[PDB]
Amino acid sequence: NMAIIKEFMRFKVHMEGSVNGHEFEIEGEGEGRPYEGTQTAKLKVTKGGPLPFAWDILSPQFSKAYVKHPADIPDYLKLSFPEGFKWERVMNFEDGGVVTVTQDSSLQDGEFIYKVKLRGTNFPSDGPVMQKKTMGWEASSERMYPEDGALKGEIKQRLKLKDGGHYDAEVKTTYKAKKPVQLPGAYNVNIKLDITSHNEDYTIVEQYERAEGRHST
């Protein structure tokens, strides 16, 4: 594990998707320190820009190999490489919007390779996603637990709103290694994702994320 996942690792990401029928593609490059739980990425909208919806619904889809884990909590997703892992996610937003995500993670010629497919539907045309009225995610706590031969996570994830207030999603994700590796017991992951810069129309965006696991309560 420590031989192939080095203290510094780069990744490349491709996303294709649609939100309320608006199609797009994004290509990105990222890097970070998988054992310290820190990473950044630069994303570029190659098709469909500028996006007529909030960037914030896309930002959590761009890296679970970069979570700091205590020694006594098996780092299941690091153990999955070089083959890697896949995940499936549903975000149910409080005004009816739905985002579904599929993702494949692998290690190729020394870099992580991410392929993402995303479909967002049912967002009200006057709501904060399609009107671009969101202002970033609050810190999250993802509750992790093993179930049905995979690692499950659940989040009550909260976006800030431009004019005041907030906007929530109930998020559930299944993360599954491509080969049987040791599953952990139940634990929590503390996560903060920041947009560090962007051009005026969000067709070039930079992100930063810190994530650390720890024992429940």
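In this text, residue numbers run from 1 along the sequence as written.
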{"property": "Count class of coordinate-free deposited residues lying between the neighbours residue 62 and residue 63", "result": "1 to 3"}
{"property": "Stretch with the higher entry mean CA B-factor, where the candidates are 110-118 and 71-79", "result": "71-79"}
{"property": "Stretch with the higher entry mean CA B-factor, where the candidates are 136-144 and 86-94", "result": "136-144"}
{"property": "Per the PDB entry, maximal CA B factor within 187, 53, 167, 175", "result": "187"}
{"property": "Deposited CA B-factor, highest of 48, 153, 149, 30", "result": "149"}
{"property": "Modelled-residue ranking by C-alpha temperature factor, third containing residue 13", "result": "lowest"}
{"property": "Relative C-alpha B-factor of residue 179, binned into the chain's lowest, middle or highest third", "result": "highest"}
